[PDB]
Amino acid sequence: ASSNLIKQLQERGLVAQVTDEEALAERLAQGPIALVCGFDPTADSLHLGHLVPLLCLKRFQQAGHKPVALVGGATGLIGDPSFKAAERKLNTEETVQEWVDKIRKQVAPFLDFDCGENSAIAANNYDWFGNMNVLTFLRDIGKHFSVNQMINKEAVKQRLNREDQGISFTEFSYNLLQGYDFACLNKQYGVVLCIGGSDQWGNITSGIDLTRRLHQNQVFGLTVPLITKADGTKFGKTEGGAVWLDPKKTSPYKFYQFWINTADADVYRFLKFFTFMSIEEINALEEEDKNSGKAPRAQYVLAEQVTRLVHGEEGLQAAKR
């Protein structure tokens, strides 16, 4: 009884929030849809913080849907303030342009760009913002945004009720750029769903509302949960900084080691978030570790699964030498 995709992702604990779940589930049953997940070039590589949303894009593709991997060539020149305590550093056009190509190439191996009509599409919002006049933006896009609504958006609320956290007009405008990305992708590729990290709810719903206002099309949003560790410490954060997906920044060996170090309380949940093993197999593995008087083998399984996903068979082998 293949209940449905949203339900199956829910079992994995991968659905934080979703707009009109009933309507989305029916839409998904109608046929393959185009969906999008965006990634901003805040560095020359993505890191573990972007992995769950990325693999989730792959889960949709495996269910027959078409993933659009958007790299923020323009949004990365603005900076997303969503649930951020401080103003992000402004990078130069030259540097972000370079980071954009690096990230695009890093994302490609994760998706299938050669499987028929549901083949993946790489997008860059610099295509439409890169040369958009400011008056056009303020009028054609800005007229549809209520500042009253924008200021009580949870993602930036804390930055407004400050005494230690302010927000520039630059980052405050980010919500309109991402909102228009949704409308623009709906118009050109028929994208009707946008998924993203948990801090992306307000940016996504702005896109839903603007697509309705501009094109009169109903689209949807779904956010994945922010990954947490039972010990309350920050996931993907180590003494040496982030765990990068780039083998030249974080070696496959070090990556494999990061996963081996997973706590017992997190490992089964992590198997669900980061791998494609069935729920049935993960539960059986949990039971197996419970009844064996052996070291749990879940950490080894997780490390093996994610390392291969991220660095392929070659990376997995480099992890043992």
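Numbers follow the displayed sequence, beginning with 1.
- The deposited model assigns a higher average Cα B-factor to 286-294 than to the other stretch when 286-294 and 45-53 are compared.
- Comparing 86-94 with 120-128, the higher mean C-alpha B-factor in the PDB entry belongs to 86-94.
- In this entry, the residue among 170, 148, 206, 106 with the greatest C-alpha B factor is 148.
- Taking the PDB entry at face value, the top CA B factor among 211, 133, 178, 233 belongs to 233.
- Ranked against the other modelled residues of its chain, the C-alpha B-factor of residue 38 as given in the entry falls in the lowest third.
- In the deposited entry, the Cα temperature factor of residue 260 places it in the lowest third of its chain's modelled residues.
- Residue-level temperature factors show residue 243 in the middle third of its chain, judged at the C-alpha atom.
- Among the modelled residues of the chain, residue 9 sits in the highest third by CA temperature factor in this PDB entry.
- When the CA B factors of the chain's modelled residues are split into thirds, the value for residue 227 lands in the highest one.
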